[PDB]
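*Asks:* If you use UniProt numbering, the sequence shown corresponds to residues 1025 to 1191, in order.
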Amino acid sequence: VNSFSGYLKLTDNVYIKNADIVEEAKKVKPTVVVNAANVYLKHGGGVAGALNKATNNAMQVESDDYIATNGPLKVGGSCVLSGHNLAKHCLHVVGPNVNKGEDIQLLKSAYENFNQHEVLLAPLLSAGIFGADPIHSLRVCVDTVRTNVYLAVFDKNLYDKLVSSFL
Ligand SMILES: C[C@H](c1ccccc1)[C@@H](CO)Nc1ncnc2[nH]ccc12
């Protein structure tokens, strides 16, 4: 039993809800919130910009130190950093950004990072401003993640389309 509320159950391990991931994190304080990161951990817009804003830029300050020490992530890769006021940990995961010409096949590799954590709050990787089809992202999620994932879909219209089209 966990404290996630109001989710529709899609499979044994995947749950979905129309929600603002910032507000969800602030309410649940999950062990792990997933950020839709880029390789530079520059949290400008979309989920990343919103999460970082909610931390009063502390996420960005921590991320800049991480990059200065370690260099950029790989597309499809991840790192674990602090969750600040939102969660115990933030798993920064880089899905491919179609608006940059990156290979959509890397979306499965990106979701594989979730399997290192028993329970996660997360957005659909590569969706939104990353330019992929969210219906495809949900399919890859369900077919790749084996741990318990609670997906927050900000756009209510998109949420209804994902539910109604889910196979
Ligand atoms: C599927 C979602 C989306 C939103 C709008 C237009 C199309 C798609 C997603 C895409 O990355 N973005 C978010 N999801 C959850 N919580 C969020 N908080 C701030 C952003 C955000």
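Backbone N, C-alpha and C fix where the C-beta goes; we use that ideal spot for every residue, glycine too.
Three-state secondary structure (DSSP) at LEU1144?
*Replies:* Three-state result, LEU1144: strand.
*Asks:* Starting from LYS1077, trace the alpha helix (DSSP H) in both directions and tell me its first and last residue.
*Replies:* That run of the alpha helix (DSSP H) goes 1070 to 1078.
*Asks:* Heavy atom of ligand 1 less than 8 Å from the Cβ of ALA1176, yes or no?
*Replies:* Because some heavy atom of ligand 1 lies under 8 Å away, the Cβ of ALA1176 counts as near it: yes.
*Asks:* For ligand 1, I want to know if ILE1153 counts as a neighbour, meaning its beta carbon is within less than 8 Å of at least one of the ligand's heavy atoms.
*Replies:* Flag set: Cβ of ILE1153 near ligand 1.
*Asks:* Does the distance from the CB of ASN1172 to the CB of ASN1026 come in under 9 Å?
*Replies:* Contact flag set, yes.
*Asks:* Please report how far the alpha carbon of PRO1120 lies from the alpha carbon of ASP1157, in whole angstroms.
*Replies:* Computed Cα separation, rounded: 12 Å.
*Asks:* Mind pulling the beta strand (DSSP E) runs of 3 or more residues that sit fully within the segment 1082 to 1163?
*Replies:* With a minimum length of 3 residues, the continuous beta strand (DSSP E) runs that stay inside the segment 1082 to 1163 are 1102 to 1106, 1113 to 1117 and 1143 to 1146.
*Asks:* Examine ligand 1 and report whether any of its heavy atoms sits within less than 8 Å of the Cβ of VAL1046.
*Replies:* Indeed, a heavy atom of ligand 1 lies less than 8 Å from the Cβ.
*Asks:* Are the segment 1102 to 1115 and the segment 1057 to 1069 touching, with three or more C-beta to C-beta distances below 8 Å?
*Replies:* Cβ pair count under 8 Å is three or more, so yes.
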